[PDB]
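What follows is the content of start.json (JSON, C-alpha atoms and all ligand atoms).
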[["chain", "number", "residue", "atom", "x", "y", "z"],
["A", 1, "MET", "CA", 0.00, 0.00, 0.00],
["A", 2, "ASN", "CA", 1.27, 3.57, -0.62],
["A", 3, "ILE", "CA", -0.24, 7.11, -0.70],
["A", 4, "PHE", "CA", -1.44, 6.69, -4.28],
["A", 5, "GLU", "CA", -3.35, 3.44, -3.73],
["A", 6, "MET", "CA", -4.69, 4.85, -0.45],
["A", 7, "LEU", "CA", -6.10, 7.99, -2.08],
["A", 8, "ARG", "CA", -7.45, 6.01, -5.06],
["A", 9, "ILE", "CA", -9.48, 3.93, -2.62],
["A", 10, "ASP", "CA", -10.80, 6.99, -0.72],
["A", 11, "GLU", "CA", -11.61, 9.18, -3.70],
["A", 12, "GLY", "CA", -12.50, 6.61, -6.43],
["A", 13, "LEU", "CA", -12.03, 7.44, -10.19],
["A", 14, "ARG", "CA", -14.61, 9.27, -12.37],
["A", 15, "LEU", "CA", -14.03, 10.39, -15.94],
["A", 16, "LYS", "CA", -16.93, 12.76, -16.15],
["A", 17, "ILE", "CA", -17.55, 15.92, -14.11],
["A", 18, "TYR", "CA", -19.33, 15.05, -10.85],
["A", 19, "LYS", "CA", -20.19, 16.64, -7.55],
["A", 20, "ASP", "CA", -18.20, 15.82, -4.42],
["A", 21, "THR", "CA", -19.68, 15.11, -0.95],
["A", 22, "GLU", "CA", -19.88, 18.85, -0.37],
["A", 23, "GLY", "CA", -21.54, 19.38, -3.72],
["A", 24, "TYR", "CA", -18.59, 20.82, -5.63],
["A", 25, "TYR", "CA", -17.63, 20.17, -9.24],
["A", 26, "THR", "CA", -14.90, 17.52, -9.37],
["A", 27, "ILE", "CA", -13.29, 15.12, -11.90],
["A", 28, "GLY", "CA", -10.89, 12.12, -11.86],
["A", 29, "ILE", "CA", -9.38, 11.12, -8.57],
["A", 30, "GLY", "CA", -10.79, 13.81, -6.26],
["A", 31, "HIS", "CA", -9.54, 16.80, -8.32],
["A", 32, "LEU", "CA", -11.74, 19.70, -7.12],
["A", 33, "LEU", "CA", -12.46, 21.92, -10.10],
["A", 34, "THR", "CA", -14.31, 24.86, -8.57],
["A", 35, "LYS", "CA", -16.44, 25.87, -5.70],
["A", 36, "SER", "CA", -18.72, 27.71, -8.08],
["A", 37, "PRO", "CA", -22.26, 26.41, -8.84],
["A", 38, "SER", "CA", -21.75, 26.93, -12.54],
["A", 39, "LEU", "CA", -21.12, 23.81, -14.58],
["A", 40, "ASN", "CA", -19.74, 26.17, -17.14],
["A", 41, "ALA", "CA", -17.30, 27.68, -14.70],
["A", 42, "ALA", "CA", -16.37, 23.94, -14.00],
["A", 43, "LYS", "CA", -15.92, 23.02, -17.68],
["A", 44, "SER", "CA", -13.77, 26.05, -18.20],
["A", 45, "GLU", "CA", -11.43, 25.15, -15.31],
["A", 46, "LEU", "CA", -11.27, 21.61, -16.63],
["A", 47, "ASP", "CA", -10.13, 22.62, -20.11],
["A", 48, "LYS", "CA", -7.61, 24.92, -18.46],
["A", 49, "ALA", "CA", -6.31, 22.07, -16.26],
["A", 50, "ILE", "CA", -5.95, 19.56, -19.25],
["A", 51, "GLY", "CA", -4.92, 21.82, -21.99],
["A", 52, "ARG", "CA", -7.71, 20.94, -24.37],
["A", 53, "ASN", "CA", -11.39, 21.37, -25.19],
["A", 54, "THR", "CA", -12.87, 18.57, -23.20],
["A", 55, "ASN", "CA", -16.62, 18.92, -23.04],
["A", 56, "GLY", "CA", -16.43, 17.60, -19.38],
["A", 57, "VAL", "CA", -14.93, 14.19, -20.11],
["A", 58, "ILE", "CA", -11.30, 13.04, -19.72],
["A", 59, "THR", "CA", -9.33, 9.84, -20.25],
["A", 60, "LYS", "CA", -7.78, 7.67, -17.51],
["A", 61, "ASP", "CA", -4.28, 8.95, -18.40],
["A", 62, "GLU", "CA", -5.45, 12.58, -17.99],
["A", 63, "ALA", "CA", -7.03, 11.63, -14.65],
["A", 64, "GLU", "CA", -3.82, 10.04, -13.45],
["A", 65, "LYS", "CA", -1.79, 12.99, -14.54],
["A", 66, "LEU", "CA", -3.95, 15.43, -12.49],
["A", 67, "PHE", "CA", -3.67, 12.92, -9.61],
["A", 68, "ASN", "CA", 0.17, 12.92, -9.73],
["A", 69, "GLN", "CA", 0.22, 16.72, -9.68],
["A", 70, "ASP", "CA", -2.20, 16.86, -6.81],
["A", 71, "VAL", "CA", -0.23, 14.47, -4.61],
["A", 72, "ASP", "CA", 2.96, 16.41, -5.35],
["A", 73, "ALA", "CA", 1.26, 19.74, -4.58],
["A", 74, "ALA", "CA", -0.13, 18.19, -1.35],
["A", 75, "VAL", "CA", 3.32, 17.11, -0.10],
["A", 76, "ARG", "CA", 4.81, 20.50, -1.02],
["A", 77, "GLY", "CA", 2.15, 22.43, 0.77],
["A", 78, "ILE", "CA", 2.94, 20.42, 3.90],
["A", 79, "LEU", "CA", 6.65, 21.10, 3.55],
["A", 80, "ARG", "CA", 6.07, 24.84, 3.03],
["A", 81, "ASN", "CA", 3.74, 25.13, 5.97],
["A", 82, "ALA", "CA", 5.35, 26.20, 9.24],
["A", 83, "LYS", "CA", 2.72, 24.37, 11.26],
["A", 84, "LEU", "CA", 2.62, 21.23, 9.21],
["A", 85, "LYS", "CA", 6.25, 20.70, 8.49],
["A", 86, "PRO", "CA", 7.47, 19.91, 11.97],
["A", 87, "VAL", "CA", 4.65, 17.47, 12.44],
["A", 88, "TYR", "CA", 5.26, 15.68, 9.23],
["A", 89, "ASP", "CA", 9.06, 15.48, 9.95],
["A", 90, "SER", "CA", 8.33, 13.85, 13.23],
["A", 91, "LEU", "CA", 6.21, 11.02, 11.74],
["A", 92, "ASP", "CA", 6.95, 7.54, 10.39],
["A", 93, "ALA", "CA", 6.26, 6.70, 6.69],
["A", 94, "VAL", "CA", 2.73, 5.27, 7.19],
["A", 95, "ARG", "CA", 1.53, 8.15, 9.33],
["A", 96, "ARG", "CA", 3.02, 10.62, 6.83],
["A", 97, "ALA", "CA", 0.59, 9.08, 4.25],
["A", 98, "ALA", "CA", -2.34, 9.84, 6.58],
["A", 99, "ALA", "CA", -1.30, 13.50, 6.85],
["A", 100, "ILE", "CA", -0.98, 13.75, 3.06],
["A", 101, "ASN", "CA", -4.47, 12.27, 2.76],
["A", 102, "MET", "CA", -5.99, 14.90, 5.05],
["A", 103, "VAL", "CA", -4.22, 17.70, 3.16],
["A", 104, "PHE", "CA", -5.39, 16.39, -0.18],
["A", 105, "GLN", "CA", -9.01, 16.33, 1.07],
["A", 106, "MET", "CA", -9.17, 19.49, 3.05],
["A", 107, "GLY", "CA", -6.34, 21.70, 2.05],
["A", 108, "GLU", "CA", -3.35, 22.91, 3.90],
["A", 109, "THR", "CA", -5.18, 25.64, 5.72],
["A", 110, "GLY", "CA", -7.83, 23.28, 6.93],
["A", 111, "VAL", "CA", -5.33, 20.77, 8.33],
["A", 112, "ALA", "CA", -3.22, 23.52, 9.83],
["A", 113, "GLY", "CA", -6.34, 24.44, 11.87],
["A", 114, "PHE", "CA", -6.30, 21.13, 13.80],
["A", 115, "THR", "CA", -3.85, 22.64, 16.32],
["A", 116, "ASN", "CA", -4.44, 20.39, 19.26],
["A", 117, "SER", "CA", -4.43, 17.13, 17.23],
["A", 118, "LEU", "CA", -1.19, 18.18, 15.50],
["A", 119, "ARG", "CA", 0.40, 18.74, 18.88],
["A", 120, "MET", "CA", -0.70, 15.36, 20.04],
["A", 121, "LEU", "CA", 0.62, 13.62, 16.91],
["A", 122, "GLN", "CA", 3.99, 15.34, 17.33],
["A", 123, "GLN", "CA", 4.14, 14.00, 20.90],
["A", 124, "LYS", "CA", 3.18, 10.55, 19.65],
["A", 125, "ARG", "CA", 0.11, 10.34, 21.88],
["A", 126, "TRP", "CA", -1.80, 8.15, 19.33],
["A", 127, "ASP", "CA", -4.93, 7.27, 21.20],
["A", 128, "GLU", "CA", -5.45, 10.85, 22.41],
["A", 129, "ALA", "CA", -4.92, 12.28, 18.98],
["A", 130, "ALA", "CA", -7.43, 9.84, 17.46],
["A", 131, "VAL", "CA", -10.15, 10.92, 19.95],
["A", 132, "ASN", "CA", -9.40, 14.65, 19.26],
["A", 133, "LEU", "CA", -9.35, 14.18, 15.47],
["A", 134, "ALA", "CA", -12.87, 12.71, 15.71],
["A", 135, "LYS", "CA", -14.34, 15.84, 17.32],
["A", 136, "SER", "CA", -14.56, 17.60, 14.02],
["A", 137, "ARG", "CA", -16.93, 18.50, 11.23],
["A", 138, "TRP", "CA", -14.66, 16.38, 9.02],
["A", 139, "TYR", "CA", -15.33, 13.20, 10.92],
["A", 140, "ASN", "CA", -19.04, 14.00, 11.14],
["A", 141, "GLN", "CA", -19.48, 14.65, 7.46],
["A", 142, "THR", "CA", -17.25, 11.81, 6.06],
["A", 143, "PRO", "CA", -17.17, 9.33, 8.94],
["A", 144, "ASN", "CA", -15.99, 6.17, 7.08],
["A", 145, "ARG", "CA", -13.14, 7.94, 5.35],
["A", 146, "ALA", "CA", -12.20, 9.84, 8.56],
["A", 147, "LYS", "CA", -12.15, 6.51, 10.54],
["A", 148, "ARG", "CA", -9.81, 5.03, 8.01],
["A", 149, "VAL", "CA", -7.43, 7.98, 8.25],
["A", 150, "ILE", "CA", -7.70, 8.14, 11.94],
["A", 151, "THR", "CA", -7.01, 4.42, 12.33],
["A", 152, "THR", "CA", -3.89, 4.89, 10.30],
["A", 153, "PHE", "CA", -2.68, 7.63, 12.68],
["A", 154, "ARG", "CA", -3.53, 5.54, 15.73],
["A", 155, "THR", "CA", -1.86, 2.33, 14.59],
["A", 156, "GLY", "CA", 0.76, 3.26, 12.14],
["A", 157, "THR", "CA", -0.29, 0.30, 9.88],
["A", 158, "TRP", "CA", -2.39, 0.04, 6.70],
["A", 159, "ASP", "CA", -4.93, -2.19, 8.29],
["A", 160, "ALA", "CA", -7.94, 0.12, 7.61],
["A", 161, "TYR", "CA", -7.21, -0.24, 3.98],
["A", 162, "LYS", "CA", -6.58, -3.93, 3.83],
["A", 201, "CL", "CL", -4.49, 22.20, -11.95],
["A", 202, "CL", "CL", -17.17, 8.69, 4.42]]

Would you give me this structure, written as structure tokens?
Amino acid sequence: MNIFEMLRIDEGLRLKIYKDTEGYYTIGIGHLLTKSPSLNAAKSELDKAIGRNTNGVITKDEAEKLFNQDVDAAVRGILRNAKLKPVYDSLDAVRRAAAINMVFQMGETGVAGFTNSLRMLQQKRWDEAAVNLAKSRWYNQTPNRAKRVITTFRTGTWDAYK
């Protein structure tokens, strides 16, 4: 298991524009297109992202290419973030995957806002961090995905995904 296979499981793959759990226009492997309610604003962003006139549909290759960029951007946001970086540096390889997952789903700013949980993860207080991570809108809105991520932080294994 690795970050890529983990995110592919959590986000699925869709080749046509769809709405995410929050209702936003998305495509591929969890690639948010826009927060705007306009399908046209969405199609426009899409064509801009791919470099061609797509009419809202992409190929698997195109989907995977956006995915590779998005994982890279996710890691880099973590490394550029003064709150995230130290946490990330402190973690083992499996737990690092869980942090990347959260950033990919909710953005750097969002993750950065989990102050208390970040402090607990840095201290390696696994059980306490898991309880604190669960007291969130995130867990309440996407409970199965959150549990998976949380279990990963608690255990340091890929069991939630096997
Ligand atoms: Cl992009
Ligand atoms: Cl869920």

For this session: Find, counting all atoms listed in the file, the residue in A:97, A:71, A:91, A:134 that gets nearest to ligand CL 201 (chain A).
Result: A:71

For this session: Could you pull out the residues sitting within 8 Å of ligand CL 201 (chain A), using all atoms listed in the file, and write them as a list in words?
Result: residues 48, 49, 50, 66, 69 and 70 of chain A

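The shortest atom-to-atom distance to ligand CL 202 (chain A), with all atoms listed in the file taken into account, belongs to A:138 out of A:25, A:104, A:126, A:138.
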
For this session: Using only C-alpha atoms and all ligand atoms, pick whichever of A:154, A:162, A:80, A:148 has the shortest atom-to-atom distance to ligand CL 202 (chain A).
Result: A:148

Exercise. Do you know which residues are within 9 Å of ligand CL 202 (chain A) using all atoms listed in the file? Can you write them as a ChimeraX atom specification?
Worked result: /A:10,21,139-148

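Interatomic distance, atom CA of residue A:73 against atom CA of residue A:102: 13.0 Å.
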
Problem set entry | Protein/DNA/RNA residues near (5.6, 7.4, 10.1), cut 12 Å, all atoms listed in the file, as a PyMOL selection string | chain A and resi 87-100+121-122+124+126+152-158
